[PDB]
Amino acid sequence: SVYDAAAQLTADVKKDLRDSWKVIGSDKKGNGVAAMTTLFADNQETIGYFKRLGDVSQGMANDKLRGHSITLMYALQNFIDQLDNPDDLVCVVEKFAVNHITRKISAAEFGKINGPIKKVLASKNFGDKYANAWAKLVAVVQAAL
């Protein structure tokens, strides 16, 4: 249940998400591409889903990958801005869930983004505490897939 999942975002979790987002959200292009390049490197079996982006190994030099990556960060920005209102958070989460259901992405495979996020956070000196908070937000999307 996406609603029960959203309820897991307690005061402490929301604070950790906001505090860490202030840092990682400041460079959407850089951290967005970093997150994607990590996903492709750690889970090569997911590259097939991104055929439209072309040669993803090119990283920042790939215009389609850069456009996709920046936009992905705005989806996260959207989630963060809706933390105050559960009903709005859920409707935006379900919107993005549809974008992935149509691409045949399961909850299990969507969860593969946790590794990349933990690594991007770690590179900014944000440890497991923050990685776990972000896993709870990702879990809300997983509940809708």
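Counting begins at 1, following the sequence as shown.
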| item | value |
| --- | --- |
| Which of 32-40 and 53-61 has higher mean CA B factor, as the PDB entry lists it | 53-61 |
| Given 65-73 and 97-105, the range whose Cα B-factors average higher in the PDB entry | 97-105 |
| CA B-factor ranking of residue 139, expressed as a third of its chain | lowest |
| Third of chain Cα B-factors occupied by residue 47 | highest |
| Cα B factor band for residue 20 (lowest, middle or highest third within the chain) | lowest |
| Record-listed C-alpha B factor of residue 88: chain third | middle |
| Ranked against its chain, the third holding the CA B-factor of residue 131 | lowest |
